[PDB]
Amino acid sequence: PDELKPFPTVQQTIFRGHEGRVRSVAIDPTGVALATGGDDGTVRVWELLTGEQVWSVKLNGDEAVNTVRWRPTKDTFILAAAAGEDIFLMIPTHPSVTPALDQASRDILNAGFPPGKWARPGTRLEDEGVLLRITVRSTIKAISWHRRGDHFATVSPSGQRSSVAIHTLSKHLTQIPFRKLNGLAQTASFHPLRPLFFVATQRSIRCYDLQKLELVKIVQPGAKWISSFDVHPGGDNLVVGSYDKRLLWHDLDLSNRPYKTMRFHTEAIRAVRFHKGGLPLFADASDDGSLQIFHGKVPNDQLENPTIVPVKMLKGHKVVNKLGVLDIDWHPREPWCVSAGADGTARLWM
């Protein structure tokens, strides 16, 4: 309660019509729309408040869509999805999309016309609005956009070759910089402020520098198999979560040791995401269908104790076929969050 408000308490909207588990959730940069990747190989775009599905496409006949991520720019409306080895760039049909905004996005994707091969996809895909198919060498787990949306990185765990790939959307250029990682890469994240980079293995999270190309720091969370992480918008803190049921707040100001360790979960933590856009909230997702919503506040002053308290646990996702909540994203402004569970549902919490 107290100064810790507001936070999500109850689930206000249920998102249905996926068959089999929903692997991903990404909220539109403007905050009016939801994107869900399915195990049924469908990417879909839904009206946030109502839960009406305004757009859908099936990228590959048989495959799961692991990650969907919006291009973090309000002047574009471009969605990225990862199906197996292929990452597709598309422009969903939405009320937001006018002929001007459409032509703008098309101008961005079409501009720029092997670690990766950039190809125009089948006719049927632009018939449904998917402008690009980018193929890397082994299956894509994670997608992360750089804040100005020109670069995006794909992480493919199995193949060491393509493991961490940085793509340039301007030149249509896939690259495998800071080539060999000593590890098995789970995922990666760009830095909110300075041109830095983050690559998490099962081991540890490592912060690099892009065109100096140098390893800057390495933080060791000290847990079995890092499942995921997310970077505070402040950039000076991040949060990791694992299959150990434990959540680790890392203060990069102080140490490589985790600042705080938190056990709120019965089973593995499969997703962790901060609230970007300035509210002192973060959350983790579990293989029990619960989300754990924490308040934590990066101090106004540098090098000061972050204050972290759990505010609320959200149940109501159904543990289905051995798995719980698989993903989380936050609303850009408001303290609402959306989760992707194995119910075949996505759910909105306020």
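Start at 1 with the first residue shown and count on from there.
In terms of unmodelled positions of the deposited sequence, the stretch from residue 113 to residue 114 in this entry skips 10 or more residues. Relative to its counterpart among 295 to 303 and 313 to 321, 295 to 303 has the higher mean temperature factor, C-alpha atoms as listed in the PDB entry.
With 179 to 187 and 136 to 144 compared on mean CA B-factor from the PDB entry, the stretch scoring higher is 179 to 187. Taking the deposited Cα B-factors for 51, 61, 29, 289, the highest one is held by 61.
If you compare the C-alpha temperature factors of 232, 71, 161, 106 in the entry, 161 comes out highest. When the modelled residues of the chain are ordered by their C-alpha B factor, residue 240 lands in the middle third. Among the modelled residues of the chain, residue 224 sits in the highest third by CA temperature factor in this PDB entry. In the PDB entry, residue 151 places in the middle third of its chain by CA B-factor.
Placement of the Cα temperature factor of residue 275 within the chain: lowest third of the modelled residues, per the deposited record. Among the modelled residues of the chain, residue 6 sits in the middle third by CA temperature factor in this PDB entry.
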